[PDB]
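In structure tokens, one chain follows: the form deposited without its partner chain.
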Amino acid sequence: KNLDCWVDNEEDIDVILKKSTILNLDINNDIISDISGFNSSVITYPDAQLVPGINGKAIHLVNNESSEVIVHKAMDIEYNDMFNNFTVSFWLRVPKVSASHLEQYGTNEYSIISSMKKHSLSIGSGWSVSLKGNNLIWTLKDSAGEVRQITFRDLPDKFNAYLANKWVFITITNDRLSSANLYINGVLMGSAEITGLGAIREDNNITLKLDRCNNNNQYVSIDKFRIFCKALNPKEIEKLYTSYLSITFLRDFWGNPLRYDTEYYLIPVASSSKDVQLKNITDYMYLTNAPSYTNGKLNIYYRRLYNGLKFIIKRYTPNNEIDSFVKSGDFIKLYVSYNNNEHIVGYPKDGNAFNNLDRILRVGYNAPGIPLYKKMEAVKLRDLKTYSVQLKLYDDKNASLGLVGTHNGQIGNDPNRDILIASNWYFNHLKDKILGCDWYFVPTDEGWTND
């Protein structure tokens, strides 16, 4: 803590994050402003775009020189990082680079955030955040012209990868008396020795914009951009990361808010390589293997997306109000979209159920006279870091029919399958690290396109 900023009380992480923050980009009524107490100024150019963020709206940048945000560092923070420790933390969302783009822009490195005066592949001093292929780069440069750099390679499985259009949380801490550490989602991804460079003298503006990017199509989103005047520690990091994740909103596979009337494919967290298939209208659902995509020469692979059943969420009692956002604790009707029709998902009174308890879900059941329970509550009962949802079924008396999940079993002469069910069993295993009632809601997205 020798080169850290504040000098008061080294115990309360919550209070430490606040007191040590020196720049803080928040967005309110469509304006980006600094919300640390320093009131640095931010100038939002004309083509800076706002999109859903992990908690309110975020900044979306596209590839024209008029899509940018500038921060004019205030008087009393202007120089902080010339010698002291600083930490930069932000949420990022980069689209899965298409294999074509990996071929033709894979050696093109460009910035998205930078404190460092630029000129025709010649650089000032300061730092930048840059992308080159599927690499995320941190980069410190000092008055003498000396550089320190971290290069984090994204894993080759894009379903899991940090640079494949999911929101991820970046934090970079630089302790001038030791290292620069690169974290993603609270984990240490990369690091380098920064002992030895002196005097980081940079631009008086922090700049948000794509810089020297060859692909006319790139975009990226940045939220909650923040500068602390210290190398935060991982226990500080963990707390900073989870603080952004308030349960009150459910999220889609990408980290964006869960909405009604929109098509999502279901993929189970515990079985991420499966899609949902349906036996027949009126019948059960089961897990089947999704088709996968590999490419050797590019070192990349993913299970493909956009097949299996699409579902749609609707409010139980719906009509007049304005929130298209599914709140955890909301009661919904779940439907399957198959040829323009909406077939509600439910469990009919007395439908088979393994063992009398794991109730086999049914798509489109219509047996006259037979009650069909379809009131669901979508909830976030665990695993906050994972953008996943749980779904609870009720019968028509407000008794619980269980969380939605699967159960291996056999039905008639179809083969062994993992059939979708509703069961109260899950409710005793809620601390498990992996659970079978955990769902990803996946909407089509510009950022992910199967090649």
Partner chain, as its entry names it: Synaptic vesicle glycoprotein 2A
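Here, rigid core means the biggest group of C-alpha atoms that superpose within 1.5 Å across both forms. Residue numbers count along the first chain shown, from 1.
S.K.: Between 248 to 256 and 321 to 329, which one shows the bigger average Cα displacement from this form in 7 other deposited structures of this protein once the rigid core is aligned?
M.R.: Higher root mean square deviation of C-alphas in 7 other deposited structures of this protein is shown by 321 to 329.
S.K.: Which segment is farther from the shown form on average in 7 other deposited structures of this protein after a rigid core fit, 142 to 150 or 74 to 82, going by CA atoms?
M.R.: With the rigid core superposed, the C-alphas that lie farther in 7 other deposited structures of this protein are those of 74 to 82.
S.K.: Are coordinates for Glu10 absent from at least a third of the other PDB entries that model its neighbours?
M.R.: Yes, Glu10 lacks coordinates in at least a third of the other compared entries that model both of its neighbours.
S.K.: Would you determine, from the values in the PDB entry, which of 116 to 124 and 153 to 161 has the greater average C-alpha temperature factor?
M.R.: Higher of the two, by average CA B-factor, is 116 to 124.
S.K.: Taking the mean of the C-alpha B-factors per stretch from the entry, tell me the winner out of 369 to 377 and 316 to 324.
M.R.: Comparing 369 to 377 with 316 to 324, the higher mean C-alpha B-factor belongs to 316 to 324.
S.K.: Just the C-alpha B-factor column, please: which of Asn352, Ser337, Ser221, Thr171 has the biggest number?
M.R.: Answer, based on the entry's C-alpha B-factors: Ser337.
S.K.: How does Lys392 rank on Cα B-factor within its chain, lowest, middle or highest third?
M.R.: Ranked within chain, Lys392 CA B lands in the lowest tercile.
S.K.: Determine, from the deposited record, the chain-internal third of the Cα B-factor for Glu342: lowest, middle or highest.
M.R.: It falls in the top third of the chain.
S.K.: Can you tell me which third, lowest, middle or highest, the CA B-factor of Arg226 falls into for its chain?
M.R.: Lowest third, going by the recorded CA B-factors of the chain.
S.K.: Per the entry's values, where does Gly53 land by CA temperature factor relative to the rest of its chain, in the lowest, middle or highest third?
M.R.: Ranked within chain, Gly53 CA B lands in the middle tercile.
S.K.: Once the chain's modelled residues are ordered by C-alpha B factor and cut into thirds, is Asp211 in the lowest, middle or highest one?
M.R.: Middle third of the chain for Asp211's C-alpha B-factor.
Keep in mind that the form solved in complex with its partner chain is not shown, yet the notes after this line are about it.
S.K.: When the contact criterion is heavy atoms within 4.5 Å, does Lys297 count as touching its partner chain in the entry with it bound?
M.R.: It does: once its partner chain is placed as it appears in the entry with it bound, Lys297 has a heavy atom within 4.5 Å of it.
S.K.: Going by a heavy atom distance of 4.5 Å, is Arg304 a contact of its partner chain in the entry with it bound?
M.R.: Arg304: contacts its partner chain in the entry with it bound.
S.K.: So in the entry with it bound, does any heavy atom of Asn355 sit within 4.5 Å of its partner chain?
M.R.: So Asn355 does not count as contacting its partner chain.
S.K.: Could you tell me if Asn416 has a non-hydrogen atom within 4.5 Å of its partner chain in the entry with it bound?
M.R.: Yes, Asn416 is a contact residue.
S.K.: Counting non-hydrogen atoms within 4.5 angstroms of its partner chain in the entry with it bound, say which of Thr248, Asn289, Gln104, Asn204 makes the cut.
M.R.: The residue in contact is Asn289.
S.K.: What is the one choice in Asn39, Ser66, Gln410, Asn28 with a heavy atom within 4.5 Å of its partner chain in the entry with it bound?
M.R.: It is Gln410.
S.K.: Tell me which stretch of 249 to 257, 356 to 364, 159 to 167, 289 to 297 has a heavy atom within 4.5 angstroms of its partner chain in the entry with it bound.
M.R.: Stretch with heavy atoms near the partner: 289 to 297.
S.K.: Scan 368 to 386 and note down the residues that get a heavy atom within 4.5 Å of its partner chain in the entry with it bound; none is a fine answer too.
M.R.: Result: empty, none.
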